[PDB]
Amino acid sequence: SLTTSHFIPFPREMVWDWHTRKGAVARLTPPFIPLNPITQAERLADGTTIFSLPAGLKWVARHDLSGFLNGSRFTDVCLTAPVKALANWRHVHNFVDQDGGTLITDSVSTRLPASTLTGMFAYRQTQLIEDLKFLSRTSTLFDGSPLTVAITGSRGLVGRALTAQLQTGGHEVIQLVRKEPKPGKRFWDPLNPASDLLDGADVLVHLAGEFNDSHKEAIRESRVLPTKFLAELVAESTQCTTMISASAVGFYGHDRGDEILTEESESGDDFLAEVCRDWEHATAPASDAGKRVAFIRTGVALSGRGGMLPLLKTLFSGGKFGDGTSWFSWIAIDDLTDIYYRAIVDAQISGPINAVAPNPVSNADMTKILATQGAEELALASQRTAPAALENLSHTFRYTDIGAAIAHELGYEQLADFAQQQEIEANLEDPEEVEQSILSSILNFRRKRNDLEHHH
C-alpha cells in the first residue's frame, strides 16, 4: 500500500522512547480523520489499542509480536473490519540510525491507494518532528525533571492534546474530571472542590470550560467561582507552585478595530471583557499566596478535530462578512498546547500571555484561504492581537502563517519524500515483500543524502 521514510534529527534511543510513552498514539493520530484512541496499549510489542470511529463504531488495533524488535521496530495490525478501508491493515514502523539521528520507515500493507495515505503520513511525520523539536527547545528552560500536573478540562479539545503532550514528555498528569473518573483520575466538583484535590501536584492547569449580560450568573457559577476555589487550593498547597489558568483575547473586548493588542493593552469595554477580567481576578488567592500565576489569553484555536476550524471549513459548502476587515485572532492548536506546556515548566512565564499566532488575518483573507454553530458570527469579533510577551522571550511558533496551520490540521501536507509525493500524483504486500520495500526505502533515502553531500 505505502512505504515511505523520513529523517528525525534526534537519537534513535530518544525517538523510540517517545513512541513507548502514554500519549504517543494520540499525538500522531491525524485530526482530519475521525479516529480517536480511547485506550492506551501498555507496550509496543503486543497489546491492543481501541479507537473510536464515527457512528458508535470502534477499531481494535493490535501490536504484532512477530513484527517487534526492541528499539528498532513495532507493527500495528487489524484483523476485523469495522469498515473496509480500515481493515486488513498492517503498519510496520521501522527505526534505524542515520548520521546520529533517526530514519523512520513506515510500511503499511492495505488495499487503499497510496494517494489515500499521503495526508495521514505527512501529519505523522511533521507532528513527530515538531513535537521532538519542541521538547528539545523546552529542555533549555528548566531542569528537565518530570513534574506532576493537575489538569481540569483534560477531556476537552485543548486539554486532551496537552495531556498527551505532557505524557510524551515524561511528566505525570492528574486529570481532575467532572464525571466518570477512571483510576488515577480525581473527581472535581467545581463549586465544592475536595480539600485534597491537588495533592501530589507541582502545577495546576485550569482549562475547564467551553455574549449578553443575561448570561452573568451562569458564567459566574461555571467560570468565576470554580476558578477561585481552585486558586484557594493552590494557595493552601505547599507543593503546588504554579497556576496556569485559561483566559481569552476576549479580555480586550470583542472589537478593538485596528489597534494592535498586547499584554500591555487595557481590558475591553463590553461584557465579554468584564467576564474575562473577573475570570482572571478569581486567581488572586494563588498569586496573593506567592504562587506563580499566568493567564493564557487564547485566540481561536485551529484544530482539524473540533472547534471552529471544521465548522468554518464546512461553511464553504459562507463568504466574507460585511467589510471583511474584521481581525481574526487565531492560533494553531499545537502552538496553544506548546504555550501551556512552556508555561508549566518555564518560571519566566507569569501574568497575562497572549496565546495567538504572530499573524492575525482579516476576515476577507481567512475566507480566501479556506477555499485555496457560532462560526458564522466569528467575524463579529475583531481582535488584532500580538503575542508580544512570547516574542520578547524569543518563543518559536510551529505555525506563524494560517495557511500552514490549516494545511497541517486538515491534512494537506506532503510526504517528507518530496519526489515520492510527486510520483504518487501520477495491492497488499506479504512479509518478504515488506522487508524488501523497507530496505529499498532506506537505500533510496541514503542514496539521495549521499548525492546531496557530494553536491557541496
# chains A, B, ... in the order shown; residues from 1 in each chain; ligands from 1

$ residues_around --residues "segment 352-360 of chain A" --least-positions-apart "3" --cutoff "8 Å" --atoms "only C-alpha atoms" --output "number ranges by chain"
A: 249, 262-263, 294-300, 327-332, 335-336, 339, 349, 384-390, 397, 399-402

$ residues_around --residues "residue 69 of chain A" --least-positions-apart "3" --cutoff "12 Å" --atoms "only C-alpha atoms" --output "compact mmCIF listing (two decimals) with C-alpha atoms, in the first residue's frame"
# COMPACT_ATOMS: atom_id res chain seq x y z
CA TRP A 16 11.96 5.08 20.09
CA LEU A 44 4.73 -1.63 21.59
CA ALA A 45 5.50 -5.37 21.34
CA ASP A 46 1.96 -6.62 21.88
CA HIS A 63 0.57 -4.80 18.18
CA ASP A 64 2.14 -7.83 16.48
CA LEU A 65 4.81 -9.65 18.48
CA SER A 66 6.23 -11.11 15.28
CA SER A 72 14.00 -0.90 16.02
CA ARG A 73 10.52 -2.00 15.02
CA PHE A 74 6.92 -2.35 16.08
CA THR A 75 3.89 -3.32 14.00
CA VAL A 92 5.25 -1.58 10.21
CA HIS A 93 7.23 1.18 11.99
CA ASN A 94 10.98 0.80 11.40
CA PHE A 95 13.71 2.86 13.10
CA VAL A 96 17.37 2.93 12.01

$ select_by_dssp --residues "segment 308-439 of chain A" --states "helix (DSSP H, G or I)" --output "ChimeraX atom specification"
/A:308-314,333-345,363-369,375-380,388-392,402-410,418-424,431-439

$ closest_residue --among "A:453, A:413, A:213, A:232" --to "residue 121 of chain A" --atoms "only C-alpha atoms"
A:413

$ closest_residue --among "A:89, A:51, A:7, A:123" --to "residue 407 of chain A" --atoms "only C-alpha atoms"
A:123

$ atom_distance --atom1 "atom CA of residue 179 of chain A" --atom2 "atom CA of residue 285 of chain A"
26.3 Å

$ residues_around --residues "segment 102-118 of chain A" --least-positions-apart "2" --cutoff "8 Å" --atoms "only C-alpha atoms" --output "ChimeraX atom specification"
/A:1-12,15,85,87-100,120-122,414-415,421,424-425,427-429,434,437-438,441-442

$ write_last_selection --atoms "N, CA and C atoms" --output "short mmCIF file (atom, residue, chain, number, x, y, z; two decimals), in the first residue's frame"
data_model
loop_
_atom_site.label_atom_id
_atom_site.label_comp_id
_atom_site.auth_asym_id
_atom_site.auth_seq_id
_atom_site.Cartn_x
_atom_site.Cartn_y
_atom_site.Cartn_z
N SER A 1 0.79 -1.23 0.00
CA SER A 1 0.00 0.00 0.00
C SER A 1 0.83 1.30 0.00
N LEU A 2 1.69 1.48 1.01
CA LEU A 2 2.61 2.62 1.02
C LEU A 2 3.83 2.35 1.88
N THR A 3 5.01 2.56 1.29
CA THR A 3 6.25 2.58 2.07
C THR A 3 6.93 3.93 1.85
N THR A 4 7.29 4.59 2.94
CA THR A 4 7.90 5.91 2.84
C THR A 4 8.74 6.19 4.09
N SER A 5 9.80 6.97 3.92
CA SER A 5 10.75 7.22 5.00
C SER A 5 10.88 8.71 5.33
N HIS A 6 11.24 9.01 6.58
CA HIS A 6 11.52 10.40 6.97
C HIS A 6 12.58 10.45 8.06
N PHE A 7 13.41 11.49 8.00
CA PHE A 7 14.51 11.64 8.94
C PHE A 7 14.13 12.51 10.14
N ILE A 8 14.51 12.07 11.33
CA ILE A 8 14.25 12.80 12.56
C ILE A 8 15.60 13.14 13.18
N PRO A 9 15.88 14.44 13.39
CA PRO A 9 17.21 14.83 13.85
C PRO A 9 17.38 14.63 15.35
N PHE A 10 17.05 13.44 15.83
CA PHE A 10 17.23 13.08 17.24
C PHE A 10 17.66 11.62 17.31
N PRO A 11 18.41 11.24 18.36
CA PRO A 11 18.94 9.88 18.54
C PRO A 11 17.84 8.83 18.52
N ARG A 12 18.10 7.68 17.91
CA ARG A 12 17.08 6.64 17.79
C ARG A 12 16.58 6.19 19.17
N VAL A 15 14.00 8.78 20.09
CA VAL A 15 12.83 8.68 19.22
C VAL A 15 11.99 7.45 19.56
N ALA A 85 -12.15 0.13 4.55
CA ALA A 85 -10.94 0.95 4.43
C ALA A 85 -9.95 0.72 5.57
N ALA A 87 -9.62 -2.05 7.36
CA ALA A 87 -9.46 -3.48 7.62
C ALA A 87 -8.31 -4.06 6.83
N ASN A 88 -7.83 -5.21 7.29
CA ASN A 88 -6.68 -5.85 6.66
C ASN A 88 -5.50 -4.89 6.66
N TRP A 89 -5.38 -4.16 7.77
CA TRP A 89 -4.40 -3.10 7.91
C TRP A 89 -3.16 -3.63 8.62
N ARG A 90 -1.99 -3.41 8.04
CA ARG A 90 -0.75 -3.81 8.69
C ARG A 90 0.30 -2.70 8.56
N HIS A 91 0.69 -2.11 9.69
CA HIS A 91 1.54 -0.93 9.69
C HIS A 91 2.85 -1.25 10.40
N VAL A 92 3.94 -1.35 9.63
CA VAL A 92 5.25 -1.58 10.21
C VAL A 92 5.98 -0.24 10.42
N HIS A 93 6.49 -0.03 11.63
CA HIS A 93 7.23 1.18 11.99
C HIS A 93 8.68 0.77 12.22
N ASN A 94 9.57 1.20 11.33
CA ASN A 94 10.98 0.80 11.40
C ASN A 94 11.88 1.99 11.73
N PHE A 95 12.83 1.79 12.63
CA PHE A 95 13.71 2.86 13.10
C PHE A 95 15.17 2.46 12.90
N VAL A 96 15.92 3.19 12.08
CA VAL A 96 17.37 2.93 12.01
C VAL A 96 18.19 4.16 12.37
N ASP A 97 19.45 3.93 12.74
CA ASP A 97 20.38 5.03 12.96
C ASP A 97 20.72 5.67 11.63
N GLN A 98 20.81 6.99 11.63
CA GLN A 98 21.11 7.74 10.43
C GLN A 98 21.86 9.00 10.80
N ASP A 99 23.18 8.97 10.63
CA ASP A 99 24.03 10.13 10.90
C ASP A 99 23.79 10.75 12.28
N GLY A 100 23.66 9.91 13.31
CA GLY A 100 23.43 10.39 14.66
C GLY A 100 21.97 10.69 14.96
N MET A 120 -2.32 11.37 5.91
CA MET A 120 -2.09 10.73 7.20
C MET A 120 -0.61 10.71 7.54
N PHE A 121 0.21 10.26 6.60
CA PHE A 121 1.63 10.14 6.90
C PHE A 121 2.38 11.45 6.96
N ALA A 122 1.97 12.41 6.15
CA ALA A 122 2.57 13.73 6.22
C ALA A 122 2.34 14.31 7.63
N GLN A 414 2.67 17.42 2.62
CA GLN A 414 3.34 16.49 1.72
C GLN A 414 4.25 15.58 2.51
N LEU A 415 4.42 14.37 2.01
CA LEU A 415 5.43 13.44 2.49
C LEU A 415 6.79 14.10 2.52
N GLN A 421 6.14 11.92 -3.27
CA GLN A 421 4.91 12.69 -3.29
C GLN A 421 4.56 13.00 -4.74
N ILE A 424 3.49 9.87 -6.77
CA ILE A 424 2.16 9.36 -6.43
C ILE A 424 1.06 10.21 -7.07
N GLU A 425 1.35 11.49 -7.27
CA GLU A 425 0.47 12.37 -8.04
C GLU A 425 0.61 12.08 -9.53
N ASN A 427 -2.64 -2.95 -3.91
CA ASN A 427 -2.18 -4.32 -3.74
C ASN A 427 -1.42 -4.52 -2.43
N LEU A 428 -1.77 -5.59 -1.71
CA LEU A 428 -1.15 -5.91 -0.42
C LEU A 428 0.22 -6.55 -0.58
N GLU A 429 1.08 -6.37 0.42
CA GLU A 429 2.42 -6.95 0.42
C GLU A 429 2.58 -8.02 1.49
N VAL A 434 7.50 -6.91 2.19
CA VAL A 434 7.55 -5.75 3.08
C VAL A 434 8.98 -5.41 3.48
N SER A 437 10.64 -3.77 0.56
CA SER A 437 10.18 -2.39 0.41
C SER A 437 10.88 -1.48 1.40
N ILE A 438 11.00 -1.95 2.63
CA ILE A 438 11.63 -1.16 3.69
C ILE A 438 13.11 -0.94 3.38
N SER A 441 13.49 1.48 0.64
CA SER A 441 13.16 2.84 1.03
C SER A 441 14.34 3.49 1.78
N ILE A 442 15.01 2.69 2.61
CA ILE A 442 16.18 3.15 3.35
C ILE A 442 17.30 3.49 2.37
#

$ closest_residue --among "A:343, A:378, A:81, A:233" --to "residue 311 of chain A" --atoms "only C-alpha atoms"
A:378

$ closest_residue --among "A:369, A:347, A:50, A:416" --to "residue 143 of chain A" --atoms "only C-alpha atoms"
A:347

$ residues_around --residues "residue 132 of chain A" --least-positions-apart "2" --cutoff "10 Å" --atoms "only C-alpha atoms" --output "list in words"
residues 8, 9, 10, 14, 15, 18, 127, 128, 129, 130, 134, 135, 136, 137, 138, 168 and 169 of chain A

$ write_last_selection --atoms "C-alpha atoms" --output "PDB file, in the first residue's frame"
ATOM      1  CA  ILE A   8      14.248  12.803  12.563  1.00  0.00           C
ATOM      2  CA  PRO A   9      17.212  14.834  13.851  1.00  0.00           C
ATOM      3  CA  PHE A  10      17.230  13.083  17.238  1.00  0.00           C
ATOM      4  CA  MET A  14      15.142   9.095  22.210  1.00  0.00           C
ATOM      5  CA  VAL A  15      12.826   8.676  19.223  1.00  0.00           C
ATOM      6  CA  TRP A  18       8.966   8.723  22.736  1.00  0.00           C
ATOM      7  CA  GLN A 127       3.845  16.125  14.138  1.00  0.00           C
ATOM      8  CA  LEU A 128       6.592  13.823  15.389  1.00  0.00           C
ATOM      9  CA  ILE A 129       9.395  16.117  14.297  1.00  0.00           C
ATOM     10  CA  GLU A 130       7.710  19.246  15.645  1.00  0.00           C
ATOM     11  CA  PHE A 134       9.529  21.497  20.912  1.00  0.00           C
ATOM     12  CA  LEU A 135      10.654  19.215  23.730  1.00  0.00           C
ATOM     13  CA  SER A 136      14.281  19.998  22.833  1.00  0.00           C
ATOM     14  CA  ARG A 137      13.814  23.801  22.886  1.00  0.00           C
ATOM     15  CA  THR A 138      11.876  23.470  26.126  1.00  0.00           C
ATOM     16  CA  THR A 168       5.043  12.034  25.881  1.00  0.00           C
ATOM     17  CA  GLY A 169       7.408  14.446  27.622  1.00  0.00           C
TER      18      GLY A 169
END

$ closest_residue --among "A:436, A:148, A:267, A:450" --to "residue 240 of chain A" --atoms "only C-alpha atoms"
A:148

$ atom_distance --atom1 "atom CA of residue 147 of chain A" --atom2 "atom CA of residue 185 of chain A"
16.3 Å

$ select_by_dssp --residues "segment 162-312 of chain A" --states "strand (DSSP E or B)" --output "MDAnalysis selection string"
chainID A and resid 172:177 186:187 203:206 242:248 255:261 292:298 300:303 306

$ decode --residues "segment 224-299 of chain A" --atoms "C-alpha atoms" --output "PDB file, in the first residue's frame"
ATOM      1  CA  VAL A 224     -15.502  32.556  38.122  1.00  0.00           C
ATOM      2  CA  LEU A 225     -16.343  30.670  41.348  1.00  0.00           C
ATOM      3  CA  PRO A 226     -14.707  27.359  40.355  1.00  0.00           C
ATOM      4  CA  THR A 227     -11.559  29.282  39.373  1.00  0.00           C
ATOM      5  CA  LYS A 228     -11.440  30.932  42.788  1.00  0.00           C
ATOM      6  CA  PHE A 229     -11.947  27.711  44.724  1.00  0.00           C
ATOM      7  CA  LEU A 230      -9.138  26.083  42.757  1.00  0.00           C
ATOM      8  CA  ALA A 231      -6.904  29.122  43.360  1.00  0.00           C
ATOM      9  CA  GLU A 232      -7.525  28.742  47.086  1.00  0.00           C
ATOM     10  CA  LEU A 233      -6.409  25.123  46.955  1.00  0.00           C
ATOM     11  CA  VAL A 234      -3.308  26.262  45.098  1.00  0.00           C
ATOM     12  CA  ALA A 235      -2.737  28.842  47.829  1.00  0.00           C
ATOM     13  CA  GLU A 236      -3.093  26.173  50.520  1.00  0.00           C
ATOM     14  CA  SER A 237      -0.769  23.639  48.880  1.00  0.00           C
ATOM     15  CA  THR A 238       2.920  23.570  49.774  1.00  0.00           C
ATOM     16  CA  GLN A 239       3.830  21.536  46.700  1.00  0.00           C
ATOM     17  CA  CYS A 240       1.715  23.426  44.154  1.00  0.00           C
ATOM     18  CA  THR A 241       3.990  26.182  42.939  1.00  0.00           C
ATOM     19  CA  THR A 242       2.069  27.317  39.916  1.00  0.00           C
ATOM     20  CA  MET A 243      -1.385  28.007  38.486  1.00  0.00           C
ATOM     21  CA  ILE A 244      -1.706  28.223  34.707  1.00  0.00           C
ATOM     22  CA  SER A 245      -5.239  29.454  34.077  1.00  0.00           C
ATOM     23  CA  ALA A 246      -7.132  29.596  30.771  1.00  0.00           C
ATOM     24  CA  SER A 247      -8.330  33.023  29.644  1.00  0.00           C
ATOM     25  CA  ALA A 248      -9.239  34.645  26.313  1.00  0.00           C
ATOM     26  CA  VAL A 249      -8.366  37.503  23.985  1.00  0.00           C
ATOM     27  CA  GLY A 250     -11.961  38.465  24.780  1.00  0.00           C
ATOM     28  CA  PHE A 251     -10.255  40.245  27.660  1.00  0.00           C
ATOM     29  CA  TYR A 252      -9.559  43.072  25.192  1.00  0.00           C
ATOM     30  CA  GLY A 253     -13.212  43.257  24.248  1.00  0.00           C
ATOM     31  CA  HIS A 254     -14.945  41.799  21.222  1.00  0.00           C
ATOM     32  CA  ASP A 255     -13.986  44.669  18.918  1.00  0.00           C
ATOM     33  CA  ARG A 256     -10.881  46.920  19.051  1.00  0.00           C
ATOM     34  CA  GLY A 257     -10.625  47.771  15.344  1.00  0.00           C
ATOM     35  CA  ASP A 258      -7.074  48.085  14.039  1.00  0.00           C
ATOM     36  CA  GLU A 259      -5.481  48.556  17.462  1.00  0.00           C
ATOM     37  CA  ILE A 260      -2.666  46.067  17.987  1.00  0.00           C
ATOM     38  CA  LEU A 261      -3.436  44.251  21.232  1.00  0.00           C
ATOM     39  CA  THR A 262      -0.527  43.368  23.517  1.00  0.00           C
ATOM     40  CA  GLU A 263      -0.415  42.140  27.105  1.00  0.00           C
ATOM     41  CA  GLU A 264       0.107  45.855  27.828  1.00  0.00           C
ATOM     42  CA  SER A 265      -3.209  46.854  26.279  1.00  0.00           C
ATOM     43  CA  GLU A 266      -6.133  47.745  28.544  1.00  0.00           C
ATOM     44  CA  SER A 267      -9.119  45.481  29.017  1.00  0.00           C
ATOM     45  CA  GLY A 268     -12.073  45.954  26.694  1.00  0.00           C
ATOM     46  CA  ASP A 269     -15.315  47.821  27.293  1.00  0.00           C
ATOM     47  CA  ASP A 270     -18.006  45.180  26.820  1.00  0.00           C
ATOM     48  CA  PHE A 271     -19.486  42.319  28.836  1.00  0.00           C
ATOM     49  CA  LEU A 272     -17.053  39.829  27.328  1.00  0.00           C
ATOM     50  CA  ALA A 273     -14.154  41.912  28.649  1.00  0.00           C
ATOM     51  CA  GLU A 274     -15.792  42.099  32.067  1.00  0.00           C
ATOM     52  CA  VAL A 275     -16.244  38.337  32.247  1.00  0.00           C
ATOM     53  CA  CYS A 276     -12.590  37.831  31.391  1.00  0.00           C
ATOM     54  CA  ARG A 277     -11.415  40.413  33.949  1.00  0.00           C
ATOM     55  CA  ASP A 278     -13.415  38.608  36.639  1.00  0.00           C
ATOM     56  CA  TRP A 279     -12.245  35.214  35.393  1.00  0.00           C
ATOM     57  CA  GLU A 280      -8.613  36.301  35.712  1.00  0.00           C
ATOM     58  CA  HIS A 281      -9.150  38.103  39.021  1.00  0.00           C
ATOM     59  CA  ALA A 282     -10.540  34.902  40.545  1.00  0.00           C
ATOM     60  CA  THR A 283      -6.949  33.532  40.597  1.00  0.00           C
ATOM     61  CA  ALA A 284      -5.980  36.231  43.109  1.00  0.00           C
ATOM     62  CA  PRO A 285      -5.756  33.859  46.112  1.00  0.00           C
ATOM     63  CA  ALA A 286      -2.986  31.891  44.372  1.00  0.00           C
ATOM     64  CA  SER A 287      -0.845  34.887  43.481  1.00  0.00           C
ATOM     65  CA  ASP A 288      -1.561  36.512  46.857  1.00  0.00           C
ATOM     66  CA  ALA A 289      -0.024  33.406  48.411  1.00  0.00           C
ATOM     67  CA  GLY A 290       3.111  33.992  46.354  1.00  0.00           C
ATOM     68  CA  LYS A 291       2.483  31.271  43.748  1.00  0.00           C
ATOM     69  CA  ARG A 292       3.272  31.770  40.073  1.00  0.00           C
ATOM     70  CA  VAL A 293       0.143  32.586  38.036  1.00  0.00           C
ATOM     71  CA  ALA A 294      -0.259  33.068  34.281  1.00  0.00           C
ATOM     72  CA  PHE A 295      -3.362  33.735  32.183  1.00  0.00           C
ATOM     73  CA  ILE A 296      -3.347  32.141  28.757  1.00  0.00           C
ATOM     74  CA  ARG A 297      -5.423  34.600  26.740  1.00  0.00           C
ATOM     75  CA  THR A 298      -6.223  32.285  23.847  1.00  0.00           C
ATOM     76  CA  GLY A 299      -7.241  33.210  20.329  1.00  0.00           C
TER      77      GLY A 299
END
